[PDB]
Amino acid sequence: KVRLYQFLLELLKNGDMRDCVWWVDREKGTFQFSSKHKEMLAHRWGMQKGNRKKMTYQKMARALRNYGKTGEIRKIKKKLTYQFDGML
DNA sequence: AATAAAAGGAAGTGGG
DNA sequence: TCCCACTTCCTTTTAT
């Protein structure tokens, strides 16, 4: 069972869905979602988990906020911008 | 100004 | 039965 943070890391590490998510600084671990195409990346995540309802970015973002300010993925005060931990 | 994003409480869910 | 790791629903609060 793949976790949400690993799924996102794998996408960026493999250059998958580059129009939906992209690194902002690979060294600092910061990445950013696509304001226009983020919902298509969100749906993929819902399929890998086989949820009953359709996955939305709002729901994926609700899951990301659970990791916390020192956890796997953290929120950065920039639009649609997050950051991985030193596990890079 | 309108829109998008961000937030989060709390129950609900399948996994182990 | 117990968490884990989200999922779902909803309303509220900020940023763009």
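Only heavy atoms go into these numbers, but all of them, side chains included; no hydrogens, no water, no symmetry mates. Residue numbers start from 1 in every chain, and the chains themselves are labelled A, B, ... in the order their sequence lines are given, proteins ahead of strands.
In terms of phosphate contacts, A:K53 brings no side-chain nitrogen or oxygen within less than 4.0 Å of OP1 or OP2 of C:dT7. The phosphate of C:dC6 has OP1 or OP2 within less than 4.0 Å of a side-chain N or O from A:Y67. Considering only side-chain N and O atoms, A:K59 lies nowhere under 4.0 angstrom from the phosphate OP1 or OP2 of C:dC6. Distances shown here put a side-chain N or O of A:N51 below 4.0 Å from the OP1 or OP2 atom of C:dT7. Within the 4.0 Å cut-off from OP1 or OP2 of B:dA6, at least one side-chain nitrogen or oxygen of A:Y57 is found. Between C:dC6 and A:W45, no contact under 4.0 Å exists linking OP1 or OP2 to a side-chain N or O. A:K38 has a side-chain polar atom (N or O) that falls below the 4.0 Å cut-off from OP1 or OP2 of B:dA5. Contact annotation: A:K78 does not reach the phosphate of C:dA15 (side-chain N/O to OP1 or OP2, under 4.0 Å).
With hydrogens and angles ignored, no donor-acceptor pair under 3.5 angstrom links the side chain of A:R52 to the base of B:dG14. For C:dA5, its base never sits under 3.5 Å from the side chain of A:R3 at any donor and acceptor pair.
Taking the centre and axis of the six-membered ring of A:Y57, the NZ or CZ atom of A:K38 falls inside the cone set by 45° and 6.0 Å.
The listed nucleotides are B:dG8, C:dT8, B:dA4; the one nearest the side chain of A:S35 is B:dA4.
In this structure, the CZ atom of A:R65 is 13 Å from the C1' atom of C:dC6, given to the nearest Å.
For the 3.5 Å distance criterion, the side chains of A:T30 and A:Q83 fail to qualify, holding no donor opposite an acceptor.
Within 4.0 Å of A:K75, counting heavy atoms only, lie sugar-phosphate atoms of the nucleic acid but no base atom.
Going from the P atom of B:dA11 to that of C:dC2 covers 14 Å, rounded to whole Å.
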